[PDB]
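Here the structure is laid out as structure tokens; the discussion comes afterwards.
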Amino acid sequence: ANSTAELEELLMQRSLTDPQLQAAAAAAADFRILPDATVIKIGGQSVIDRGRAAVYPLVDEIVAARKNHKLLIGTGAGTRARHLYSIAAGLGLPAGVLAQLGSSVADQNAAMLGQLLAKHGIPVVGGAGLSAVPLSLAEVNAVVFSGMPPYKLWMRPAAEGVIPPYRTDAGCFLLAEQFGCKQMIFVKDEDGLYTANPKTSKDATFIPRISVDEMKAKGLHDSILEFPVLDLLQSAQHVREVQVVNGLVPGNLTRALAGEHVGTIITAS
Amino acid sequence: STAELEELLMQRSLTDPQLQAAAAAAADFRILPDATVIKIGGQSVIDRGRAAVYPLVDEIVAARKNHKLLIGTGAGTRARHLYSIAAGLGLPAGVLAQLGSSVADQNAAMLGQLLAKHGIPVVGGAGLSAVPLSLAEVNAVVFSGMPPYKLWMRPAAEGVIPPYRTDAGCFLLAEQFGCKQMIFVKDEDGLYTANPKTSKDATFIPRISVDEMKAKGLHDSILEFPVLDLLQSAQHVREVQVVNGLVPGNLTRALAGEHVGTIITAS
Amino acid sequence: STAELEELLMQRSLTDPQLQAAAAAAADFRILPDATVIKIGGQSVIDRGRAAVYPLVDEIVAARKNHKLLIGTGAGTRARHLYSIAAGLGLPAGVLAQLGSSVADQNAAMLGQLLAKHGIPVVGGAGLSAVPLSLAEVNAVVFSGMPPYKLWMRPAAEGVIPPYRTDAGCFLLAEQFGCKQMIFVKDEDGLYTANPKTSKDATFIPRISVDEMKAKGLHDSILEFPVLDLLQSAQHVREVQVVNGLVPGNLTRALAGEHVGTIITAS
Amino acid sequence: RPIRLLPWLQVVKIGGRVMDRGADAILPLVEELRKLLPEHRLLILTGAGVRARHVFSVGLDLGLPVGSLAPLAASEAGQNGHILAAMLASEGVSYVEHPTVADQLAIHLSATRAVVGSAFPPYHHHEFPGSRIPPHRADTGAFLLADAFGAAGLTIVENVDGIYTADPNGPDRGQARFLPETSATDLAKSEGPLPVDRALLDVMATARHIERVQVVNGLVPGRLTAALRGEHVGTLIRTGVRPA
Amino acid sequence: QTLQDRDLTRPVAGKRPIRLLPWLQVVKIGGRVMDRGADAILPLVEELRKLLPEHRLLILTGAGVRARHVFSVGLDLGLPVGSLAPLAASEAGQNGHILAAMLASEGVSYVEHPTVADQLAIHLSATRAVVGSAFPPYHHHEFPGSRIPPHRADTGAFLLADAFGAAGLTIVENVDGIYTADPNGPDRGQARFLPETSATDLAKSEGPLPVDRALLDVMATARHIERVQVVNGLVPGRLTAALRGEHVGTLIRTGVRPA
Amino acid sequence: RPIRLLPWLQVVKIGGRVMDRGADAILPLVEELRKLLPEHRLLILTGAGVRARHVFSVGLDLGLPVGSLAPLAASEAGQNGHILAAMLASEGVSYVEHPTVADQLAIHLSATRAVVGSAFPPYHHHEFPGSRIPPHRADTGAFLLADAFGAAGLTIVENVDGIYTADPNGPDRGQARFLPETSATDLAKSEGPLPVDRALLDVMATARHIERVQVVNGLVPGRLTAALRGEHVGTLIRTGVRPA
Ligand SMILES: Nc1ncnc2c1ncn2[C@@H]1O[C@H](COP(=O)(O)OP(=O)(O)OP(=O)(O)O)[C@@H](O)[C@H]1O
Ligand SMILES: Nc1ncnc2c1ncn2[C@@H]1O[C@H](COP(=O)(O)OP(=O)(O)OP(=O)(O)O)[C@@H](O)[C@H]1O
Ligand SMILES: Nc1ncnc2c1ncn2[C@@H]1O[C@H](COP(=O)(O)OP(=O)(O)OP(=O)(O)O)[C@@H](O)[C@H]1O
Ligand SMILES: Nc1ncnc2c1ncn2[C@@H]1O[C@H](COP(=O)(O)OP(=O)(O)O)[C@@H](O)[C@H]1O
Ligand SMILES: Nc1ncnc2c1ncn2[C@@H]1O[C@H](COP(=O)(O)OP(=O)(O)O)[C@@H](O)[C@H]1O
Ligand SMILES: Nc1ncnc2c1ncn2[C@@H]1O[C@H](COP(=O)(O)OP(=O)(O)O)[C@@H](O)[C@H]1O
Ligand SMILES: [Mg+2]
Ligand SMILES: [Mg+2]
Ligand SMILES: [Mg+2]
Ligand SMILES: [Mg+2]
Ligand code: NA
């Protein structure tokens, strides 16, 4: 835990790479910026790309939910981003270029969802600083944001290929982590994690609860979430588990918001 | 049919009549159906200063208790001066458009500062991101009434004056958000058979269609003439009302739906 | 006479004394008359970390139930370091201004994140467009205290240190919005006859005029010396109060109009 | 008539459906554009293509009005512009946002031989009602700019040879006859699909400078180069502007 | 050359701030010149066109009559000086948009004040001239005292020119220079032309000037610009002559020492 | 592997701690940079230095998380960039914000020989958790850009001769041995402080173009110049990208 004077001494004298400074910074107090808020991701390919039949029931749950919860609602990108990635990858463009293309598609989805929620007072928020979040959360209990991280040309590439490895799962998760939110819910189109892709395996086994290390052991590291999210989850200071739920089933989002286990819970440990 | 529209969208040009017809059968969502767009005149109101603006500020503050308001500003005489300078130089409509937008911005800033202590903000930006929260919380926003066309402004058939100005900008916002009514606040009771400032003979017209206005030669009289065509194309806002903002209570009564000035109908 | 003012405005230079005197007779509108501007010292408060900031955060949250607050941040030690680097290079005051602004921005961001869960936003942009709605709804906003002069910063008579910094930035916002008061929150009870940190027996001063400060050689003591001149030119904020934010309750009492630190009067 | 702002400018609109073909189409186009840079100063404007169709499908299913769909489609034209500009970056070519196109194009074309922008206009929530499909699309936006600038030309780079009497890839393809030359007024009188926006013909009626626009097949290397020299290799559209 | 100069023990002036754009010429176009429309603007545009290969130019526009109108409305509404300042600055921007458009074919564009403050060096490497607003972005933070914003187009343009350490600032007016009285005013019969004056002399005087009175105050703290010429832009060739230092209007001495 | 966007670009990262030395270090660096402008096309990226350590001290005392501290440090790198660009403004050099670096660098480097930007990446709220100190700092941001651009080089300008086996200014400086050459993978396996971000080693492992990065002493006039010509005058870090 060390001291203020020793952290100060270390910060002024050593490289930020110094393990002694790193350990002292690790002892600093931990403030949660929005501890009463919940981050939810509304799937791009899994939900918004499906149109009215998927989106309209979830709009209703969001409108009902914000009477009891404070919601930061991030959007995935989905099939238009997959198309941009295909074109750009075929041209030899790097992950840092592809990242900006995926961002624009998540922006589109946030604008569409936001326009369905505007008459309830719920805004779409953006900009580097997300300056409109605090007033909006206090006043109408919900905001919509685009789920891509802002890394753009500084996107870290994967070990293989040019597809950006940090996409809208990571973008939503990191905001929940940064703001110290009380939970992170991913809304998709399946009940949760299965032993294999339930769309393409008829006898896949549903998994209600799993650790990151067990997901990796089972080869499920890049199944239901972007694989870096599992490592971000193990590094996280505030959000040490997430829940993935089926947004096509009425009430799943509502119940998960209330803390009920209705899909797959993934835990850091 | 959703599946046939999807197939047409993938396989045809957007110019294909079969695609256009299938798209016209799509569902129609209204984004802000309980809101009203009002235009506060630039030349007719704000340019008149305190004697015109202060009473309408009072009405706006009282009316936002009962009504959700998107309050757009005209540009007026400073825009007329810029257009005259720029047109004399041979500049095109797309260059003049940006000049008019600055003047409407000025008027929104001045009106907004009179409303600031009531929590009412001035909102802008391509997306107007601040509208949903402000409307829910204080029931009103102020915006600049010029369309954002800038250099892409469509010119008139003749001359370089931008033909889509603050009447068109306010109307299209009412239409885009599916608002329940569009009210133009000017300095006459409504439409007359001729300009009442220049014609003793002018007689008041309480209610008229677009086509009747055109047949009477009134297509470019109380509103920018393209507004009449946009009105006939509109999905959501099929009529507008013009009222005299120099008469207290006209705006307030028009907001509750009452016919107090001229109602112009698409058909 | 609105007509004689209008006539002079069209026909004379703005430097004409007759026009200047006519403009001085114009009505005086206060934009946010019920709001109070507070400056949270950068060096004296925010640079001190948790032991200084957390108690003031609690006071701000408690105070925004009875008061509407525009909370500006100073810059402090990091701006001093930037000024020393840039002044050692001979960069002009216009270049240093930007540097100090970014530090004030850092401090507004840090303060704002401690207040976000109470609904209180950080506001910025040239127009401060987010102020009216935030103030109406959560009764407080945080802003960065530097004036936006940037390269157009007026230099001092000597040297390149910007003479208009975060005291001036906060005071001018209070004056522009016509706020009911301006409170500077620092780390001393108020003004002394000498720097109380380096002076054995300086005497506390609870009330003083600008002219009295200058005559005592205290022009550049507790506030940036140009703020005393702005204060004497001010239309709306004709006095200020400096209080010790390290003493619990000083800000709260000052907000309620209590004489708790030093009151500096224009006259 | 108005002064020409950029009389030496050549405006080149690249169809979104050409970009949709990927490297097979884009790489040869990029090589042709590269060799054109020392010959012309270029404003390269990208259309939207199939992704705008998808966002229309979703947005219309959600019921969104035409001023909602307009900027969603314009976003896809922007993304095509980002892709194309990155391929030309080593030549000094960047994508610029619409405020830059509108206000600072002159400085940037003094710095570099070409810039890329979105061909869609920034109509956003002020798109015209009537159709549920945004009328003022990539062809229209590129022409409004080219004509406002008083540019030396506007060339439309398509995935077909030009304008036919019917959709040459559609159900009546067997009856599609090629049109080497046409007027905007005649095209506006015809019913049926076109490879260019119908709004294009409407803004051609009010044009002040551009007398003709050529639609050429960007899948055939060399056709863009020849069109930029005035060679007739696709469909000429006469705007109705006459010599002054 | 003076005995005081030779005194080794006297205080020495501090070094001057480093010059950011020492090769730059700054030209301020009066809003009232722009207000005359094509009759004034077209010859001025042709003159500017011929100056582009000779000078690197930051062309800054004033506001003119439209700012008087917005002042009239804003004052009638009671608005404070920090509300009037950005409304007037907007008009200077619109004049800049107009002037830049006339020069677009020469590679000239108008740039907003963030670009002026931060990226002018890159843009002036791209092209020979750029246009901007002469008003500074003081906005809410305009100084109180007068109900009329004091830091206007002359003042903004000088602050920029002196901050840049530019080679000069020339003010282009709709009159020949500074007179002892308004040459268009009720006392124009008594108006005497002043070929040369010091800013300190002008500052002590009372009565109208063709330049902001704050211009004289910021000249007193200037570090580089030694003189500013006010010339008549309605007389073709005077701007050109002034940019070569020929005396064709009123020279204002700032009080900066030369050596 | 990916195409190179700007293959002719040289990227130079200037340590924040070099800037912290003020005129004594900045004036000679500015003169060396001035003489390099006619030889190279330069993207000059500034680090943060000691002011970032101060804002970390305040921020951590306030309990703020890593996504709060990251943009606070990035701001200090931006201020160093404004200072450095101002010293070179008379040569046509300006500081540009991160969106301009990301999207419009090609046009600006066609206009002028160098631009200055922040070396920190715009990770903001989306900085990775784990450490309470933002991991992706100035070295890491500079390398991500240089490799994404496919630039000809990245040179890191430090206040020391290069990398040592311990901090040459720390408690163990008596043991510090100079490393003329090292690999990112060897460095990544070691514990203890480095003059470069540890995250730099992580992004070197996934790099596609940059094969080596030299860390040289900016306090010695001439070393940056020699390093830009590939001369070995500091510590060479092999990234693990292999050549043809
Ligand atoms: N009369 C016609 N002549 C030629 N092509 C036609 C005609 N009618 C329809 N088309 C179709 O239009 C297709 C081109 O589609 P479209 O114009 O939507 O693409 P684009 O111009 O690349 O896209 P964007 O407008 O987004 O830039 C042609 O391949 C052809 O199938
Ligand atoms: N002592 C004086 N000498 C010369 N002109 C004067 C004097 N006093 C007043 N004036 C008037 O000032 C007029 C110029 O007005 P002004 O300086 O406001 O215009 P401008 O500089 O073009 O506008 P802006 O400041 O908006 O750029 C001259 O035509 C003249 O009538
Ligand atoms: N193994 C090492 N080899 C060399 N220097 C080291 C090592 N470990 C720590 N250091 C210290 O790191 C210092 C360089 O500091 P640092 O890298 O934090 O600053 P910078 O790179 O200038 O700042 P920024 O990262 O903000 O640009 C050296 O002076 C040295 O004292
Ligand atoms: N073992 C698994 N369990 C559940 N889903 C899986 C599994 N393996 C693969 N998936 C697939 O992962 C994808 C996740 O859905 P996706 O559309 O990526 O969500 P979002 O739209 O929220 O980004 C789906 O295609 C899903 O079928
Ligand atoms: N036939 C008409 N009926 C009513 N008003 C007319 C007519 N023709 C012209 N006008 C003039 O149009 C003016 C309103 O337009 P305008 O001043 O441009 O409004 P705004 O300020 O709202 O843009 C009225 O003051 C009126 O004098
Ligand atoms: N006479 C005084 N009375 C009260 N406070 C003072 C006085 N003189 C200086 N201070 C305060 O001391 C603080 C720092 O003093 P300053 O003279 O700037 O030296 P430094 O910043 O190096 O400590 C400032 O916040 C200032 O307001
Ligand atoms: Mg009108
Ligand atoms: Mg087409
Ligand atoms: Mg003047
Ligand atoms: Mg280092
Ligand atoms: Na919304």
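Every chain is numbered from 1, with letters handed out A, B, ... down the list of sequences.
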Quick check for you: to the nearest 0.5 Å, what is the distance between [X] atom [atom1] and [Y] atom [atom2]?
{"X": "F/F143", "Y": "F/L154", "atom1": "CZ", "atom2": "CG", "result": "7.0 Å"}
{"X": "D/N80", "Y": "D/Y95", "atom1": "CG", "atom2": "OH", "result": "9.5 Å"}
{"X": "A/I266", "Y": "A/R240", "atom1": "CD1", "atom2": "CZ", "result": "14.0 Å"}
{"X": "A/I207", "Y": "A/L220", "atom1": "CD1", "atom2": "CG", "result": "5.5 Å"}
{"X": "F/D202", "Y": "F/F128", "atom1": "CG", "atom2": "CZ", "result": "9.5 Å"}
{"X": "A/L174", "Y": "A/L232", "atom1": "CG", "atom2": "CG", "result": "5.0 Å"}

Check: [Y] and [X] side chains under 4.5 Å, non-hydrogen atoms:
{"X": "A/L34", "Y": "A/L137", "value": "yes"}
{"X": "A/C172", "Y": "A/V39", "value": "yes"}
{"X": "A/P208", "Y": "A/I265", "value": "no"}
{"X": "F/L64", "Y": "C/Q113", "value": "yes"}
{"X": "A/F145", "Y": "A/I73", "value": "no"}
{"X": "A/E226", "Y": "A/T168", "value": "yes"}
{"X": "A/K41", "Y": "A/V187", "value": "no"}
{"X": "A/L193", "Y": "A/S223", "value": "yes"}

[X] side-chain N/O to [Y] backbone N/O, donor-acceptor pair under 3.5 Å:
{"X": "F/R132", "Y": "A/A28", "value": "yes"}
{"X": "A/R32", "Y": "A/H238", "value": "yes"}
{"X": "A/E241", "Y": "A/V239", "value": "no"}
{"X": "D/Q79", "Y": "D/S75", "value": "yes"}
{"X": "A/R82", "Y": "A/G78", "value": "no"}
{"X": "A/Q22", "Y": "A/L16", "value": "yes"}
{"X": "A/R167", "Y": "A/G76", "value": "no"}
{"X": "A/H261", "Y": "A/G263", "value": "yes"}
{"X": "A/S211", "Y": "A/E214", "value": "yes"}
{"X": "A/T75", "Y": "A/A106", "value": "yes"}

(request) Kindly indicate, with the supporting measurements, whether the criterion side-chain contact (heavy atoms from CB on, under 4.5 Å) is fulfilled by F/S118 and F/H98. (result) CA-CA 7 Å; F/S118 175; F/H98 72 261; over 6 Å; no
Taking every non-hydrogen atom, the tightest pair across [X] and [Y]:
{"X": "F/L72", "Y": "C/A109", "result": "CD2-CB, 4.4 Å"}
{"X": "A/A256", "Y": "A/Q243", "result": "CB-NE2, 3.8 Å"}
{"X": "A/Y85", "Y": "A/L98", "result": "CE2-O, 3.2 Å"}
{"X": "F/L200", "Y": "F/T140", "result": "N-OG1, 3.3 Å"}
{"X": "A/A204", "Y": "A/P198", "result": "CB-CA, 4.4 Å"}
{"X": "A/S136", "Y": "A/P123", "result": "OG-CG, 3.5 Å"}

Is [X] salt-bridged to [Y], going by a charged N under 4.0 Å from an acidic O?
{"X": "A/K199", "Y": "A/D189", "result": "yes"}
{"X": "F/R137", "Y": "F/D197", "result": "yes"}
{"X": "A/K182", "Y": "A/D36", "result": "no"}
{"X": "F/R4", "Y": "F/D147", "result": "no"}

(request) Decide yes or no on side-chain contact (heavy atoms from CB on, under 4.5 Å) for A/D213 and A/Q234, but give the supporting numbers first. (result) CA-CA 9 Å; A/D213 281 354; A/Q234 294 189 314; 3.1 Å; yes
Checking side-chain polar atoms at under 3.5 Å, does [X] have a donor or acceptor matched by the opposite partner on [Y]?
{"X": "A/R80", "Y": "A/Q108", "answer": "yes"}
{"X": "A/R156", "Y": "F/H136", "answer": "yes"}
{"X": "A/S269", "Y": "A/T267", "answer": "no"}
{"X": "A/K70", "Y": "A/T38", "answer": "no"}
{"X": "F/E127", "Y": "A/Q178", "answer": "no"}
{"X": "A/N252", "Y": "A/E61", "answer": "no"}

(message) Just checking F/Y123 against A/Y166, ring centres under 6.0 Å apart?
(response) no
(request) Compute the centroid of each ring, for F/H209 and then for F/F149, and state whether the two points are separated by less than 6.0 Å. (result) no
(request) Walk me through it: do A/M148 and A/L101 pass the test side-chain contact (heavy atoms from CB on, under 4.5 Å)? (result) CA-CA 10 Å; A/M148 267 306 269; A/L101 311 171; over 6 Å; no
(request) Run through F/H126, F/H124, F/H125 and flag the one making a side-chain contact (heavy atoms from CB on, under 4.5 Å) with A/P149. (result) F/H126
(request) Check each of A/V124, A/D107, A/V105 against A/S146 using the side-chain contact (heavy atoms from CB on, under 4.5 Å) test, and report the only one that passes. (result) A/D107
(request) Evaluate the side chain to side chain donor-acceptor pair (under 3.5 Å) criterion for residues A/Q45 and A/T79: first the C-alpha distance (whole Å), next the side-chain angles of each, then the deciding distance (0.1 Å), finally the verdict. (result) CA-CA 6 Å; A/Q45 176 189 26; A/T79 197; 6.0 Å; no
(message) Quick check on F/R208: does its CZ atom have over 12 non-hydrogen neighbours (other residues, nucleotides or ligands) under 6.0 Å away?
(response) yes
(request) Quick one: do F/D103 and A/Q100 satisfy side chain to side chain donor-acceptor pair (under 3.5 Å)? Show the steps, please. (result) CA-CA 10 Å; F/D103 296 334; A/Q100 331 202 216; 3.0 Å; yes
